[PDB]
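Colleague: Dropping in my_file03.cif, which is mmCIF, N, CA and C atoms:
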```cif
data_work
loop_
_atom_site.label_atom_id
_atom_site.label_comp_id
_atom_site.auth_asym_id
_atom_site.auth_seq_id
_atom_site.Cartn_x
_atom_site.Cartn_y
_atom_site.Cartn_z
N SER L 968 -61.20 50.23 49.08
CA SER L 968 -61.54 48.86 48.76
C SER L 968 -60.50 47.90 49.30
N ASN L 969 -60.94 46.70 49.64
CA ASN L 969 -60.01 45.69 50.11
C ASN L 969 -59.40 44.89 48.98
N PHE L 970 -60.15 44.70 47.91
CA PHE L 970 -59.68 43.92 46.77
C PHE L 970 -59.25 42.50 47.15
N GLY L 971 -59.91 41.89 48.13
CA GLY L 971 -59.55 40.55 48.58
C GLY L 971 -58.75 40.58 49.88
N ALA L 972 -58.27 41.75 50.26
CA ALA L 972 -57.52 41.93 51.49
C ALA L 972 -58.44 41.90 52.70
N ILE L 973 -57.87 41.64 53.86
CA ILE L 973 -58.62 41.71 55.11
C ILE L 973 -59.02 43.14 55.48
N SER L 974 -58.23 44.11 55.05
CA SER L 974 -58.49 45.52 55.29
C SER L 974 -57.83 46.37 54.23
N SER L 975 -58.48 47.49 53.92
CA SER L 975 -58.00 48.51 52.99
C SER L 975 -56.83 49.30 53.55
N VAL L 976 -56.64 49.22 54.85
CA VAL L 976 -55.61 49.94 55.55
C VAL L 976 -54.37 49.10 55.78
N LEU L 977 -53.22 49.61 55.35
CA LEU L 977 -51.98 48.86 55.48
C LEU L 977 -51.61 48.61 56.91
N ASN L 978 -51.94 49.54 57.78
CA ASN L 978 -51.57 49.38 59.16
C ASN L 978 -52.46 48.38 59.90
N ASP L 979 -53.58 47.96 59.30
CA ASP L 979 -54.44 46.98 59.96
C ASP L 979 -53.94 45.59 59.63
N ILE L 980 -52.96 45.55 58.75
CA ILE L 980 -52.33 44.34 58.31
C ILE L 980 -51.00 44.27 59.03
N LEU L 981 -50.22 45.33 58.90
CA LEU L 981 -48.88 45.37 59.45
C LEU L 981 -48.79 45.37 60.97
N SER L 982 -49.74 46.00 61.66
CA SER L 982 -49.66 46.01 63.11
C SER L 982 -50.18 44.70 63.70
N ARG L 983 -50.76 43.82 62.88
CA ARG L 983 -51.33 42.60 63.39
C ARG L 983 -50.61 41.33 62.95
N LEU L 984 -50.19 41.29 61.69
CA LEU L 984 -49.67 40.05 61.12
C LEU L 984 -48.18 39.99 60.91
N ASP L 985 -47.65 38.78 61.00
CA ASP L 985 -46.26 38.53 60.65
C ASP L 985 -46.14 38.68 59.14
N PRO L 986 -44.99 39.14 58.59
CA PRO L 986 -44.69 39.31 57.17
C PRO L 986 -45.15 38.18 56.23
N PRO L 987 -45.02 36.87 56.54
CA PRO L 987 -45.45 35.81 55.64
C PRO L 987 -46.89 36.00 55.18
N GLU L 988 -47.74 36.60 56.03
CA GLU L 988 -49.11 36.83 55.63
C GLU L 988 -49.31 38.31 55.34
N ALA L 989 -48.64 39.17 56.09
CA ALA L 989 -48.88 40.60 55.92
C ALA L 989 -48.60 41.02 54.49
N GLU L 990 -47.58 40.42 53.89
CA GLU L 990 -47.19 40.74 52.54
C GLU L 990 -48.23 40.30 51.52
N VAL L 991 -49.01 39.27 51.85
CA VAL L 991 -50.02 38.74 50.96
C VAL L 991 -51.15 39.72 50.90
N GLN L 992 -51.52 40.19 52.07
CA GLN L 992 -52.63 41.11 52.17
C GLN L 992 -52.25 42.41 51.48
N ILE L 993 -50.97 42.77 51.58
CA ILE L 993 -50.49 43.96 50.92
C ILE L 993 -50.49 43.75 49.42
N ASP L 994 -50.01 42.62 48.90
CA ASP L 994 -50.08 42.43 47.45
C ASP L 994 -51.50 42.54 46.94
N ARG L 995 -52.49 42.13 47.73
CA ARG L 995 -53.86 42.26 47.26
C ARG L 995 -54.21 43.75 47.12
N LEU L 996 -53.78 44.56 48.10
CA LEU L 996 -54.06 45.99 48.04
C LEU L 996 -53.24 46.69 46.96
N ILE L 997 -52.01 46.24 46.73
CA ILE L 997 -51.17 46.85 45.72
C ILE L 997 -51.79 46.58 44.39
N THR L 998 -52.23 45.36 44.15
CA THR L 998 -52.80 45.09 42.85
C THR L 998 -53.97 46.02 42.60
N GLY L 999 -54.86 46.15 43.58
CA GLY L 999 -56.02 46.99 43.38
C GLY L 999 -55.68 48.46 43.17
N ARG L 1000 -54.82 49.00 44.01
CA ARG L 1000 -54.46 50.40 43.94
C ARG L 1000 -53.65 50.72 42.69
N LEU L 1001 -52.80 49.79 42.28
CA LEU L 1001 -51.99 49.96 41.11
C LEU L 1001 -52.90 49.94 39.89
N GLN L 1002 -53.90 49.04 39.87
CA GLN L 1002 -54.83 49.00 38.76
C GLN L 1002 -55.62 50.28 38.68
N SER L 1003 -55.98 50.85 39.83
CA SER L 1003 -56.74 52.07 39.87
C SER L 1003 -55.94 53.20 39.25
N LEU L 1004 -54.66 53.30 39.60
CA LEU L 1004 -53.82 54.33 39.02
C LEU L 1004 -53.64 54.14 37.54
N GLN L 1005 -53.47 52.90 37.10
CA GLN L 1005 -53.26 52.65 35.68
C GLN L 1005 -54.51 52.99 34.89
N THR L 1006 -55.67 52.68 35.45
CA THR L 1006 -56.94 52.99 34.81
C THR L 1006 -57.09 54.48 34.70
N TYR L 1007 -56.80 55.17 35.81
CA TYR L 1007 -56.90 56.60 35.88
C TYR L 1007 -56.04 57.26 34.83
N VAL L 1008 -54.78 56.84 34.74
CA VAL L 1008 -53.88 57.46 33.79
C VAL L 1008 -54.33 57.21 32.38
N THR L 1009 -54.77 56.00 32.06
CA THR L 1009 -55.20 55.74 30.71
C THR L 1009 -56.32 56.70 30.34
N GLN L 1010 -57.25 56.89 31.25
CA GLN L 1010 -58.36 57.79 31.00
C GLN L 1010 -57.88 59.22 30.83
N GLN L 1011 -56.84 59.61 31.59
CA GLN L 1011 -56.32 60.96 31.47
C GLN L 1011 -55.65 61.14 30.12
N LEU L 1012 -55.00 60.10 29.60
CA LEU L 1012 -54.35 60.18 28.30
C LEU L 1012 -55.37 60.33 27.18
N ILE L 1013 -56.50 59.65 27.33
CA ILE L 1013 -57.53 59.72 26.31
C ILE L 1013 -58.15 61.11 26.28
N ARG L 1014 -58.49 61.65 27.45
CA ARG L 1014 -59.06 62.98 27.44
C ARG L 1014 -58.02 64.02 27.10
N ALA L 1015 -56.74 63.74 27.37
CA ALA L 1015 -55.70 64.67 27.00
C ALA L 1015 -55.64 64.80 25.49
N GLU O 340 -58.18 34.17 87.16
CA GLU O 340 -59.42 33.69 87.76
C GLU O 340 -60.11 32.62 86.91
N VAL O 341 -59.74 32.55 85.63
CA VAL O 341 -60.27 31.58 84.70
C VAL O 341 -59.23 30.48 84.53
N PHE O 342 -57.99 30.85 84.24
CA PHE O 342 -56.94 29.87 83.95
C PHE O 342 -56.58 29.03 85.16
N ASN O 343 -56.63 29.64 86.33
CA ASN O 343 -56.32 28.97 87.56
C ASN O 343 -57.63 28.73 88.31
N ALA O 344 -58.76 28.78 87.59
CA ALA O 344 -60.04 28.54 88.22
C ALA O 344 -60.00 27.16 88.77
N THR O 345 -60.64 26.95 89.90
CA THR O 345 -60.66 25.63 90.48
C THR O 345 -61.64 24.72 89.78
N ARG O 346 -62.64 25.32 89.11
CA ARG O 346 -63.63 24.54 88.40
C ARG O 346 -63.93 25.12 87.03
N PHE O 347 -63.95 24.20 86.08
CA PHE O 347 -64.25 24.39 84.67
C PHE O 347 -65.57 23.73 84.33
N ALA O 348 -66.23 24.17 83.27
CA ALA O 348 -67.48 23.55 82.88
C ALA O 348 -67.30 22.29 82.06
N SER O 349 -68.35 21.51 82.07
CA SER O 349 -68.45 20.40 81.16
C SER O 349 -68.41 21.05 79.80
N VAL O 350 -67.73 20.47 78.83
CA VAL O 350 -67.66 21.14 77.55
C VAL O 350 -68.99 21.31 76.85
N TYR O 351 -69.92 20.38 77.00
CA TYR O 351 -71.21 20.54 76.30
C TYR O 351 -71.91 21.83 76.75
N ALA O 352 -71.56 22.26 77.97
CA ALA O 352 -72.09 23.40 78.66
C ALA O 352 -70.96 24.31 79.08
N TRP O 353 -70.03 24.57 78.17
CA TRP O 353 -68.87 25.41 78.43
C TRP O 353 -69.26 26.78 79.00
N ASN O 354 -68.43 27.36 79.88
CA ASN O 354 -68.77 28.66 80.47
C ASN O 354 -68.22 29.80 79.67
N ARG O 355 -68.85 30.97 79.76
CA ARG O 355 -68.31 32.17 79.12
C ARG O 355 -68.09 33.32 80.10
N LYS O 356 -66.81 33.59 80.38
CA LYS O 356 -66.45 34.67 81.33
C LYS O 356 -66.23 35.98 80.56
N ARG O 357 -66.93 37.03 81.01
CA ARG O 357 -66.83 38.38 80.38
C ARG O 357 -65.74 39.20 81.05
N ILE O 358 -64.70 39.55 80.31
CA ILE O 358 -63.58 40.34 80.76
C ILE O 358 -63.69 41.74 80.16
N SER O 359 -63.78 42.74 81.03
CA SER O 359 -63.95 44.13 80.61
C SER O 359 -63.47 45.07 81.70
N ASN O 360 -63.31 46.36 81.37
CA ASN O 360 -62.91 47.40 82.34
C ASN O 360 -61.65 47.03 83.12
N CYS O 361 -60.57 46.63 82.40
CA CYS O 361 -59.33 46.10 82.96
C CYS O 361 -58.08 46.20 82.03
N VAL O 362 -56.92 45.92 82.60
CA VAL O 362 -55.71 45.89 81.79
C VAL O 362 -55.32 44.44 81.55
N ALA O 363 -55.17 44.11 80.28
CA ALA O 363 -54.95 42.74 79.86
C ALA O 363 -53.55 42.43 79.44
N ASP O 364 -52.83 41.77 80.33
CA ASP O 364 -51.47 41.39 80.06
C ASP O 364 -51.49 39.95 79.61
N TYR O 365 -51.15 39.70 78.35
CA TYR O 365 -51.22 38.36 77.82
C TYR O 365 -49.85 37.73 77.73
N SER O 366 -48.80 38.51 78.08
CA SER O 366 -47.44 38.00 77.95
C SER O 366 -47.16 37.14 79.16
N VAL O 367 -47.87 37.47 80.23
CA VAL O 367 -47.78 36.72 81.48
C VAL O 367 -48.45 35.37 81.36
N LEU O 368 -49.45 35.26 80.49
CA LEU O 368 -50.09 33.99 80.30
C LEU O 368 -49.22 33.18 79.35
N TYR O 369 -48.87 33.78 78.22
CA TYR O 369 -48.11 33.08 77.21
C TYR O 369 -46.77 32.53 77.71
N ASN O 370 -45.99 33.37 78.37
CA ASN O 370 -44.66 32.97 78.77
C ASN O 370 -44.63 32.28 80.11
N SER O 371 -45.79 31.93 80.66
CA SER O 371 -45.79 31.18 81.90
C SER O 371 -45.30 29.78 81.64
N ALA O 372 -45.41 29.34 80.37
CA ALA O 372 -45.04 28.01 79.92
C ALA O 372 -45.82 26.93 80.66
N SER O 373 -46.97 27.30 81.22
CA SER O 373 -47.83 26.36 81.92
C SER O 373 -48.78 25.75 80.92
N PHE O 374 -48.78 26.32 79.73
CA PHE O 374 -49.69 25.90 78.70
C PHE O 374 -48.96 25.03 77.71
N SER O 375 -49.63 23.98 77.22
CA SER O 375 -49.01 23.13 76.21
C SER O 375 -49.37 23.69 74.85
N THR O 376 -50.52 24.34 74.83
CA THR O 376 -51.09 24.93 73.64
C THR O 376 -51.43 26.37 73.91
N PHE O 377 -51.05 27.26 73.01
CA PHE O 377 -51.40 28.66 73.14
C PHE O 377 -51.40 29.19 71.72
N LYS O 378 -52.42 28.82 70.96
CA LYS O 378 -52.42 29.14 69.55
C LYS O 378 -53.34 30.31 69.22
N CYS O 379 -52.75 31.46 68.84
CA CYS O 379 -53.46 32.69 68.52
C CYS O 379 -53.55 32.84 67.02
N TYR O 380 -54.74 33.11 66.57
CA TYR O 380 -55.05 33.23 65.18
C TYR O 380 -54.94 34.67 64.75
N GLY O 381 -54.28 34.88 63.62
CA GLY O 381 -54.09 36.21 63.07
C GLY O 381 -52.94 36.93 63.77
N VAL O 382 -53.14 37.26 65.03
CA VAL O 382 -52.18 38.03 65.81
C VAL O 382 -51.51 37.19 66.89
N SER O 383 -50.18 37.18 66.87
CA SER O 383 -49.37 36.42 67.80
C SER O 383 -49.69 36.75 69.28
N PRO O 384 -49.51 35.78 70.21
CA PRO O 384 -49.79 35.87 71.64
C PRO O 384 -49.21 37.08 72.35
N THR O 385 -48.06 37.58 71.89
CA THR O 385 -47.45 38.71 72.54
C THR O 385 -47.67 40.03 71.81
N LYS O 386 -48.32 39.98 70.64
CA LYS O 386 -48.58 41.18 69.85
C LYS O 386 -49.96 41.70 70.11
N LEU O 387 -50.85 40.82 70.55
CA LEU O 387 -52.24 41.21 70.78
C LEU O 387 -52.33 42.10 72.03
#
```
Spit out the file's structure as structure tokens when you get a sec.

Modeller:
Amino acid sequence: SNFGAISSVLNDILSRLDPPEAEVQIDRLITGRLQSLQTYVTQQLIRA
Amino acid sequence: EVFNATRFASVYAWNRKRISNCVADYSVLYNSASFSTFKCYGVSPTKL
């Protein structure tokens, strides 16, 4: 998922954009991926 | 062949030149300093 990012792939951001924007696109992906892990773990704790 | 073309179109009827099957050096265009404007969106003139 892009989660608002231009691409789901970090290298499609980093190989194209300067840091002032590349970091923005990355924060969008970090938020999404971090939320996914947090959701996953919560669910694992419940079933545990 | 486009940049040093001897003739350009009227803008209402702008021309479209198809560039394919070739090696594209854009650093030679950018750093020629013959251009007053060379604004690349997303990816910088020498990174593309």

Colleague: Report as a Markdown table: every residue of chain L with an atom at most 8 Å from chain O, its closest pair of atoms, and their distance in Å to one decimal, counting only C-alpha atoms, with rows sorted by chain and ascending residue number.

Modeller:
```
| residue | atom | partner | partner_atom | distance |
| --- | --- | --- | --- | --- |
| L:983 | CA | O:382 | CA | 5.2 |
| L:984 | CA | O:382 | CA | 5.7 |
| L:985 | CA | O:382 | CA | 7.9 |
```

Colleague: How many Å lie between atom CA of residue 999 of chain L and atom C of residue 972 of chain L, rounded to one decimal?

Modeller: 10.9 Å

Colleague: Quick check on the file I pasted: which residues fall under the PyMOL selection byres ((chain O and resi 365-374) around 8)? Write them as a PyMOL selection string.

Modeller: chain O and resi 362-364+375-377+384-387

Colleague: Take atom CA of residue 987 of chain L and atom CA of residue 1005 of chain L and report the distance between them in Å, one decimal.

Modeller: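 We find that atom CA of residue 987 of chain L and atom CA of residue 1005 of chain L lie 27.3 Å from each other.
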
Colleague: Mind giving me the straight-line distance from atom CA of residue 356 of chain O to atom CA of residue 340 of chain O in Å, one decimal?

Modeller: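 Atom CA of residue 340 of chain O lies 9.6 Å from atom CA of residue 356 of chain O.
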
Colleague: With all atoms of segment 352-369 of chain O from the file as input, state the centre and edge lengths in Å to one decimal of the axis-aligned box that has 8 Å extra on each side, as lines of an AutoDock Vina configuration file.

Modeller:
```
center_x = -59.4
center_y = 34.8
center_z = 80.2
size_x = 41.3
size_y = 41.1
size_z = 21.9
```

Colleague: Applied to the shown file, which residues does the PyMOL selection byres (((chain L and resi 970 and name CA) around 12) and name CA) return, written as a ChimeraX atom specification?

Modeller: /L:968-969,971-976,991-1003
